[PDB]
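Atom set for the values below is all heavy atoms of this structure, side chains included, hydrogens, waters and symmetry mates excluded. By convention in this document, chain letters (A, B, ...) are assigned in the order of the sequence lines, proteins followed by strands, and residues within each chain are numbered from 1.
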Amino acid sequence: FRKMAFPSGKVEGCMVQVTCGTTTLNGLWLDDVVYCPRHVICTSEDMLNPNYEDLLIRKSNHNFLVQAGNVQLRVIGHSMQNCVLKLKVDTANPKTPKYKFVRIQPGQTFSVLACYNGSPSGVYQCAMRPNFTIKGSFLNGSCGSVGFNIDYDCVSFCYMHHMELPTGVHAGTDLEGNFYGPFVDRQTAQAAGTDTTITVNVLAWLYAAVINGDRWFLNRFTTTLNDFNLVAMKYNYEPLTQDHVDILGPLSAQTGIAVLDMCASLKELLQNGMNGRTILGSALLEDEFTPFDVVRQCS
Amino acid sequence: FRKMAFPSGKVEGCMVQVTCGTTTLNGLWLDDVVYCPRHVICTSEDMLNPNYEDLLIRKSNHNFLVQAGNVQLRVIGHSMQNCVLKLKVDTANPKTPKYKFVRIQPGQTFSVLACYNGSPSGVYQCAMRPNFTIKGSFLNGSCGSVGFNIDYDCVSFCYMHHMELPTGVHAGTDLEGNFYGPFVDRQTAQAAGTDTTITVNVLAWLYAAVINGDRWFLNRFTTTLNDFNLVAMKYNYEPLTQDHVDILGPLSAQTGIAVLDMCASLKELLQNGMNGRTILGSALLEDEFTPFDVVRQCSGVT
């Protein structure tokens, strides 16, 4: 049972490089617009405390160097929407897929196509943490990389990368430029709220483990939804809602293990630990598979 | 840090479906040839003791349905190379990347583009285990899915998927149709040999720990390669080759820690416990990161 990302071809065809002065990052080229983080307009000193409206009014179209592969795209207009820059170019992207911009909820997962200098480097799965950070793998030059999901032929962009926090987790925006969480695109020390574990994802992962024949954690204890949530909150786990119980339905039907019975198993794992044992090869409870991810891969 | 698949766009542009009768799997369309597992020509009941030579002599070009989506590609030639069928088609794939066919070593990693009916569904990183199985995620209809690496612009194809073993692990061929390991494309009882830990990959992960400042496990000892190999086998670890010592070279130089000094530190971790301590946030030693995976992820190769 592997973390599986969506195939990245439809997004690779949209990645371009954007440069102002000596700052380079990636942009997303859809039709005749390039989207990219607005701090590409910042000098290093600017990043320390940027007034973005002041910085942008002092820029001209020709200050923006956009390159798709080797070919420069001429910028013929620009505007700012929250923390993203929209650069109008004189060329439409022939590889533009069917797409939408979405704002995802904490606990939901998405694929990240990490790019440098407008070129794709790697693909992997993430989840929006409850504290609105993401545990990514991003280096210098990765800003403008996007997170996405794919449904039929339609790409749902949900994330664009802006920054790394001092703990090593990452922060970014939706494609309307609004940050996930209480962060700002300024180079200054920023902490996140206390993170919590995505409970419904842990349960779905436990179902995946049972589907693969790893059952040592199951028990015959019973629990009400409320009593499970009390223990969950005590251990910094997110509350389980009845809709969460409902979306776990298909997995409970396939395994013959009632959702609340899987809650009883998890509750004992939280109170006793995993001893020295593993689940699906993991020494920790994994919470970045949604119920949909598990069903998608195990059925 | 995490496992990272290569961008799959170059391979996605090469996936097609191949059907004989009601048996459909995936094929790889490069230039004017489609490569796919030869058991597509098997009826459900002939997979028990298939005579592939006699099944293929019954087939003509017009029995093969090759589709890029719903667009049919005309087959103009067919031949069998080991366990792979090569179907010549009348159209050269305009999306053919620069490519090569490679046969990889146990321990080497690769991305897998899992496909169904020629439609890509997901991408993930896999390692070839020392027992020549891979711990994949393959369902019915995934055969013909390929595994690959990308270096600059060139796709090295190294795996094509054929079968699942009783323990839920998977087996397949290189793109010349030669199985990895002692497996055969027959629906009979087969079993993976007992697996071992990929020592060169564990060492790469230790180097990655050191690069990140996590170095409590460095000791003041060294060892010889031969003594380390003999001890490692006692813990079900693979022995190191001279090539293994050399591909750790870049990480040894970056950290300043000699390969054999890192071998002695790992030997201590094997003989003693981890003392309830962690390495890169893990109580387990990771063995599915090659030296190349460490470099490319730690320095962001495109």
Side-chain angles (χ1 to χ4, degrees), chain A residues 1-3 135 137 214 273-286, chain B residues 1-4 105-110 124-131 133-135 169 194-219 221-223 225 227-241 244-245 247-252 254-255 257-298:
Chain A
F1 193 68
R2 302 220 172 235
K3 255 159 194 242
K135 300 178 185 164
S137 299
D214 210 338
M274 283 169 69
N275 270 19
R277 317 194 56 169
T278 64
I279 299 175
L280 284 172
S282 165
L284 301 168
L285 307 180
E286 167 79 42
Chain B
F1 78 136
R2 88 215 301 117
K3 64 182 209 130
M4 193 165 312
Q105 287 295 283
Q108 282 195 271
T109 65
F110 53 95
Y124 53 93
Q125 275 284 120
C126 278
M128 177 73 56
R129 300 308 303 180
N131 72 359
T133 69
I134 68 168
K135 196 253 175 301
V169 301
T194 70
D195 204 17
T196 47
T197 305
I198 306 157
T199 306
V200 64
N201 285 4
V202 175
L203 294 170
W205 153 271
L206 296 180
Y207 276 107
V210 171
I211 294 170
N212 272 271
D214 201 354
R215 55 180 186 264
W216 60 266
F217 49 87
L218 302 177
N219 64 10
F221 299 135
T222 193
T223 179
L225 185 62
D227 200 75
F228 173 80
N229 283 350
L230 297 177
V231 171
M233 296 178 57
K234 296 177 188 305
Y235 291 87
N236 302 127
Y237 268 60
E238 281 300 299
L240 296 168
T241 64
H244 285 159
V245 174
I247 69 175
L248 289 170
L251 294 168
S252 181
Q254 176 182 352
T255 64
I257 297 161
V259 170
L260 285 169
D261 297 358
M262 192 65 91
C263 288
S265 301
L266 172 60
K267 178 176 53 153
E268 214 55 41
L269 291 182
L270 297 186
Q271 290 174 333
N272 316 353
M274 300 216 329
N275 305 296
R277 323 193 41 161
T278 190
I279 294 178
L280 286 174
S282 174
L284 313 183
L285 298 174
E286 293 270 349
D287 80 336
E288 298 218 347
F289 290 100
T290 68
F292 313 91
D293 301 339
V294 178
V295 167
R296 71 137 159 144
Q297 180 170 164
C298 291

Approximate separation, where rounding is to 0.5 Å, of B:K234 NZ and B:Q271 CD: 10.5 Å
To the closest 0.5 Å, what do you measure between CG (B:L251) and CG (B:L206)? 10.5 Å
Donor-acceptor pair, B:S265 side chain versus B:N219 backbone, under 3.5 Å? yes
What residues form a side-chain contact (heavy atoms from CB on, under 4.5 Å) with B:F292, not counting sequence neighbours? B:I247, B:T290
Taking all non-hydrogen atoms of both residues into account, name the closest pair between B:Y235 and B:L270 and its distance. CE2-O, 3.5 Å
Nearest heavy-atom approach of B:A258 to B:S252 is CA-OG, 3.6 Å
Can a side-chain donor-acceptor contact be found between B:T196 and B:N236 if the only test is distance below 3.5 angstrom? no
Report yes or no: does B:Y207 contribute a side-chain atom to a donor-acceptor pair with the main-chain N or O of B:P250 at less than 3.5 Å? no
What I'd like to find out is whether the side chain of B:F228 reaches to under 4.5 Å of the side chain of B:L266, using heavy atoms alone. yes
Do the non-hydrogen side-chain atoms of B:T109 and B:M128 ever get within less than 4.5 Å of each other? no
By side-chain contact (heavy atoms from CB on, under 4.5 Å), B:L230 pairs with (sequence neighbours left out) B:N226
What residue pairs, at least two apart or across chains, pass salt bridge (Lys or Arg N to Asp or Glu O under 4.0 Å) with a residue in residues 194-206 of chain B? B:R129-B:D195
Just wondering, do B:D293 and B:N201 contact through their side chains at under 4.5 Å, heavy atoms? no
Could you tell me if the side chain of B:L285 sits less than 4.5 Å from the side chain of B:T197, heavy atoms only? no
Side chains of B:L203 and B:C263: does their closest heavy-atom pair fall under 4.5 Å? yes
Side-chain heavy-atom pair B:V210, B:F217 within 4.5 angstrom cut-off: yes
Between CE of B:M262 and CG of B:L248, what distance do you get to the nearest 0.5 Å? 8.5 Å
Measuring only between side-chain heavy atoms, which start at C-beta, is B:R215 closer than 4.5 Å to B:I257? no
d(A:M274 CE, A:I279 CD1) to nearest 0.5 Å is 4.0 Å
Looking at every heavy atom in both B:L225 and B:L260, which two are closest together, and how far apart are they? N-CD2, 3.5 Å
Side chains of B:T199 and B:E238, donor plus acceptor under 3.5 Å: no
A:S137: which residues meet the side-chain contact (heavy atoms from CB on, under 4.5 Å) condition with it, sequence neighbours left out? A:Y124, B:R2, B:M4, B:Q297
Identify, with sequence neighbours excluded, every residue that meets salt bridge (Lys or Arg N to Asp or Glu O under 4.0 Å) alongside A:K3. A:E286, A:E288
B:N131 (side chain) donor-acceptor with B:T194 (main chain) under 3.5 angstrom: no
The criterion is side-chain contact (heavy atoms from CB on, under 4.5 Å); which residues satisfy it with A:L280, sequence neighbours excluded? A:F1, A:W205, A:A208, A:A209, A:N212
